[PDB]
Amino acid sequence: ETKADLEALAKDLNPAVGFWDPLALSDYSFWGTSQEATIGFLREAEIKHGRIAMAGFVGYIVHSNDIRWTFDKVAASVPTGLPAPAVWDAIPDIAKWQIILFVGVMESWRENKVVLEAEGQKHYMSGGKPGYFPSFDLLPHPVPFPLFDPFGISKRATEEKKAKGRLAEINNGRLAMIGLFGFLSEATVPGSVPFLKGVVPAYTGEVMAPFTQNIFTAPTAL
Amino acid sequence: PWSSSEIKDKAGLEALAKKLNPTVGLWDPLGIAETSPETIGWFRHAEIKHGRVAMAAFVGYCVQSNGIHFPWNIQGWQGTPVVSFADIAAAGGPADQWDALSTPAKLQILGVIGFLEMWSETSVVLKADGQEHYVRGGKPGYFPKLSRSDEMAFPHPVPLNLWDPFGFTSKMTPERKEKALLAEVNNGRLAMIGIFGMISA
Amino acid sequence: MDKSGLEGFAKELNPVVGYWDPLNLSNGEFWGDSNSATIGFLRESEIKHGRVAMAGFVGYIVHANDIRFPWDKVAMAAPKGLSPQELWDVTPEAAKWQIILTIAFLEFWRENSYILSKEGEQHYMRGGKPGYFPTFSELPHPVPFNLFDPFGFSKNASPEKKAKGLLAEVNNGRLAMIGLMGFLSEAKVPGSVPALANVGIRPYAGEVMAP
Ligand SMILES: CC(=O)O[C@H]1CC(C)(C)C(=C=C/C(C)=C/C=C/C(C)=C/C=C/C=C(C)/C=C/C=C(\C)C(=O)C[C@@]23O[C@]2(C)C[C@@H](O)CC3(C)C)[C@](C)(O)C1
Ligand SMILES: CC(=O)O[C@H]1CC(C)(C)C(=C=C/C(C)=C/C=C/C(C)=C/C=C/C=C(C)/C=C/C=C(\C)C(=O)C[C@@]23O[C@]2(C)C[C@@H](O)CC3(C)C)[C@](C)(O)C1
Ligand SMILES: CC(=O)O[C@H]1CC(C)(C)C(=C=C/C(C)=C/C=C/C(C)=C/C=C/C=C(C)/C=C/C=C(\C)C(=O)C[C@@]23O[C@]2(C)C[C@@H](O)CC3(C)C)[C@](C)(O)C1
Ligand SMILES: CC(=O)O[C@H]1CC(C)(C)C(=C=C/C(C)=C/C=C/C(C)=C/C=C/C=C(C)/C=C/C=C(\C)C(=O)C[C@@]23O[C@]2(C)C[C@@H](O)CC3(C)C)[C@](C)(O)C1
Ligand code: KC2
Ligand code: KC2
Ligand code: KC2
Ligand code: KC2
Ligand SMILES: CC1=C(C#C/C(C)=C/C=C/C(C)=C/C=C/C=C(C)/C=C/C=C(C)/C=C/[C@@]23O[C@]2(C)C[C@@H](O)CC3(C)C)C(C)(C)C[C@H](O)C1
């Protein structure tokens, strides 16, 4: 998308705030590629981070209140009452490494030229749709559902509703990237979020440290 | 898209507001009249349904506080313990009577209530009848007939309908129905404040 | 407003004083804008300082008299006999943050040129009315009661009455800053303001401008 398209998108997301890039990432040519592709990468980054942060907000609320799956042994193995950041550290590293590799397979599926062009879209940097996820039609083996709408809902949605939904996606993502980080910052830095004092359990570890044992130095195996 | 004369704008809301009461008019500080037609219809039907439930709850509260209990036995036919409506009445005030009600009795009552709710919400039933869903241009409050012979009829015949089982409305005049709707909205609001007052007391 | 208009406005504020500008701040270009922009910024600053000072004078009296609402728990639980500054400092931190963040949102709304232009006004530096707080029509949800004149007592007022009111606003705020700062000075360094010495301005032992 062009910077004019970004201005229009910003003025539709929030008419009053409008286009509010004060650091000019929209202008810096990333890897030497054109502005129309840096805009695509930046917009895909915004959508993706907002997605992961919205999911992370809901997941943090779920983990802090120990609403766990009833019929699994890993959840039972993890002690109860831990902070939500620690509910991640108390897991077998082999499960962390499979969550991460699941996201890896999915983000390899997404960026694939062949799947995207078979379904009709292109890469987000090649003028495609930022925040699209191709279905598993060209998958080696069959699979029951896709990722976006595994069921049928929004197979018959108007383009107006889709545009409204993408605007709401971007806005809610911008807000959730701040809410989830409010949770993390209040956990690891007490009195950092003034309104959550005494609400978020405290935490000592590093939320940017996925595995307990350092993979770069000494991993663990199963 | 809406295809009916149902209220879908603050102008129509104001018209209905002067109709229900010339004095107050439209009292909308939160500005929920500044919404889409579908949301306006949703709010209208929500107000109507709160009116229904509040009026029924107030009259039930009055009867139960007076103490006009039923003369039957509520349990103890299919090899269960015996409980009487006299026992339920002696349990306490209306909330205590509800608490004293057995659990499956509560579940069955709530199930019938949900059945009526879904018979209301089912668009196909209203369109077999003369209406649509209240969000997509339907009259807020219309209960479809439970007695019918159409394809959308129960496997076993039902004797009567929920509203007007014996035609006490009969033929109320084509606009005195709307008069009664107005009176119903006002009485529903009054019963709403009343029942919350009794619960608070 | 041009500087000729500024001299005129000063004359209307006080025929005797005239344009008393010993520092000549009106004749300047702050951040490299125009002189009209500098005048607009100084006018908005003066109006806003007078407004906050007028409200602060009333608040200081109201707090010093220990006048508190009959429905709140926080204030009623807070200790009595305190100075207003002590009362603010012992208010809950969350309450202070909500107050300051709502003030932040109001400042953002006032500065937002999209909203002013939708209401037929502009930002004060760029040429417009200094001190005009826009309505809340553009809000995501439709609140009632716009900030200025929520109940609508000045809707039918005349332009001449409004101009007189703005002049009164500026002058009354000018002495309001002096009054509130007199209270703060007397709570701080004693004998700063002689006249209040009899009433017993409740002493305060902290720097107010350090939350
Ligand atoms: C204090 C305490 O206890 O807790 C605190 C601290 C703690 C734990 C840290 C917390 C946290 C989380 C935080 C702060 C997380 C921060 C994460 C962050 C900041 C992650 C950057 C990723 C960057 C990447 C992947 C770069 C790719 C780089 C690549 C691939 C490039 O090519 C770069 C590029 O330039 C080139 C080379 C050429 C240019 O032409 C183009 C561009 C520009 C693209 C909390 C929640 O605040 C709590
Ligand atoms: C709390 C508690 O204790 O509750 C009690 C309750 C109760 C009721 C007493 C109990 C029970 C009974 C239950 C719940 C029974 C559940 C039975 C169930 C759910 C039975 C599924 C069969 C699926 C099959 C055979 C799959 C075939 C799979 C085939 C043919 C495939 O290849 C699938 C696939 O082709 C797709 C679809 C699409 C392709 O893209 C991908 C592939 C090729 C892979 C329990 C267990 O005691 C628990
Ligand atoms: C300290 C102070 O002073 O302040 C603050 C600081 C701080 C920390 C910021 C605070 C906070 C909390 C905040 C702001 C939290 C924000 C959290 C956020 C923003 C969380 C979004 C989640 C969205 C999800 C999961 C959406 C899924 C949506 C999905 C999967 C959909 O189905 C989309 C959908 O389109 C489809 C595909 C089909 C259509 O039919 C329509 C629908 C919608 C169904 C505090 C505590 O309040 C106080
Ligand atoms: C002749 C001479 O001498 O000088 C010449 C030269 C000179 C100096 C250049 C000139 C000038 C300019 C002057 C004199 C400018 C003066 C400006 C001035 C004096 C400006 C005050 C602002 C105050 C504010 C905003 C207060 C906020 C106050 C707030 C928000 C509060 O503290 C609230 C609160 O208190 C309550 C209400 C209750 C308590 O429970 C809690 C606290 C404490 C939190 C002149 C005009 O040319 C004259
Ligand atoms: C899973 C690992 C993985 C990672 C970590 C990763 C990272 C990055 C980064 C971050 C620094 C950038 C900036 C970037 C950019 C592009 N990636 Mg890429 N990518 C991965 C996987 C794939 C796959 C499977 C494909 C692919 C593609 C493209 C195209 C499309 C161009 C076009 O078609 O015009 C562009 C512009 C597709 C392609 O064309 O590949 C020849 C394709 O098939 N990527 N990719
Ligand atoms: C956990 C992650 C996650 C969250 C929390 C989340 C939240 C929201 C919200 C927030 C309130 C709204 C309102 C919203 C709306 C839409 N989402 Mg979205 N979404 C997530 C994930 C995905 C994925 C994977 C895809 C996707 C999409 C769409 C489209 C389709 C538009 C179109 O087809 O034009 C619309 C309208 C698909 C797409 O193509 O987006 C461009 C797609 O692939 N979303 N999404
Ligand atoms: C126990 C609950 C309950 C109470 C306490 C109650 C009280 C009053 C009072 C107060 C004294 C009046 C005056 C009144 C009047 C009307 N009620 Mg009402 N009513 C209750 C329940 C239902 C149901 C289920 C329906 C309904 C309706 C109508 C119609 C429309 C007739 C038509 O034109 O078809 C009119 C005029 C039907 C409808 O269509 O509502 C939009 C409908 O389905 N009522 N109703
Ligand atoms: C706590 C804060 C506060 C105080 C203590 C205060 C005191 C006084 C006094 C003192 C005795 C007078 C005499 C006075 C008079 C006027 N005030 Mg004023 N005022 C405060 C706040 C605001 C705000 C937010 C606005 C405003 C306005 C006006 C207008 C409208 C003129 C017009 O409509 O043309 C007139 C005449 C509005 C405006 O346009 O100001 C540029 C507007 O938005 N005021 N105001
Ligand atoms: C299983 C078993 C046994 C048994 C048994 C048997 C046969 C059990 C049978 C139980 C049975 C058959 C129980 C019915 C209840 C019906 C109710 C509550 C109806 C309410 C009806 C109501 C509230 C109706 C309301 C309305 O109609 C009104 C007033 C006017 C209409 O316009 C509108 C509607 C329709 C809403 C043995 C033989 C004892 C041995 C052993 O134990 C095993």
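Residues numbered from 1 in each chain as written, not as in the entry; some residues may be left out. Chains lettered and ligands numbered in written order. Part of a larger assembly, values for the part shown. Heavy atoms only, no water.

Looking at the entry header, you'll see cryo-EM listed as the method and 3.1 Å as the resolution.

Peer 1: Give a description of the coordination of the magnesium atom of ligand 5 that names residues and reports values.
Peer 2: No protein donor other than A:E111 (OE) coordinates the magnesium atom of ligand 5, and that contact is at 2.7 Å. Counting through the fold element by element, A:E111 comes out in the loop between helix 5 (93-110) and helix 6 (113-119). (Donors = N, O, S within 2.8 Å, 3.2 Å for Na, K, Ca; no water. Helix = DSSP H or I, 4+ residues; strand = E, 2+ residues; numbered from the N terminus.)

Peer 1: Give a description of the UniProt feature "binding site: chlorophyll b" (unreviewed entry) in chain B that names residues and reports values.
Peer 2: Residues and elements named next belong to chain B. According to UniProt, the positions carrying the feature "binding site: chlorophyll b" (unreviewed entry) are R52 and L146. As for its placement among the helices and strands, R52 is situated in helix 2 (residues 37-66). Summarising the element assignment, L146 is placed in the loop between helix 6 (123-128) and helix 7 (176-200). Ignoring sequence-local partners within four residues, the contact set of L146 consists of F115, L116, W119, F154, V158, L160, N161 and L162. (UniProt positions renumbered as here; feature names shortened; annotations may be inferred. Contact = heavy atoms within 4.5 Å.)

Peer 1: Can you tell me about the site of ligand 5, naming the residues and giving the values?
Peer 2: All names here are of chain A. Residues in contact with ligand 5, as listed here, are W31, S108, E111, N112, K113, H123, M125 and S126. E111 has a polar side-chain atom sitting 2.8 Å from a nitrogen atom of ligand 5. Here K113 contributes a backbone N or O atom positioned 2.9 Å from an oxygen atom of ligand 5. Residues belonging to the shell around ligand 5 are distributed by class as follows: two nonpolar, four polar and two charged. (Near = heavy atom within 4 Å. Polar contact = N/O pair within 3.5 Å; in protein donor to acceptor, adjacent residues only side chain to side chain. Nonpolar A, V, L, I, M, F, W, Y, C, P; charged D, E, K, R; others polar.)

Peer 1: I'd love a proper account of the site of ligand 7, names of residues and values included.
Peer 2: Residue and element names in this part refer to chain B. Taken together, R52, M55, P140, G141, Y142, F143, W163, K177, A180, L181 and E184 are the residues near ligand 7. Take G141: an N or O atom from its main chain is 3.0 Å from an oxygen atom of ligand 7. One of the backbone N or O atoms of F143 is found 2.7 Å from an oxygen atom in ligand 7. Of all the elements in the fold, those that place two or more residues in the shell around ligand 7 are helix 2 and helix 7. At four residues, the largest contribution of residues to the shell around ligand 7 is made by helix 7.

Peer 1: Quick rundown of the interface of chain C and chain A? Include the residues and the values.
Peer 2: Listed as interface residues are seven residues of chain C and, on the opposing side, five residues of chain A. Put simply, chain C and chain A have zero salt bridges between them. In terms of residue class, the side of chain C that touches chain A is built from five nonpolar, two polar and no charged. (Salt bridge = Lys/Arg side-chain N within 4 Å of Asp/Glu carboxyl O.)

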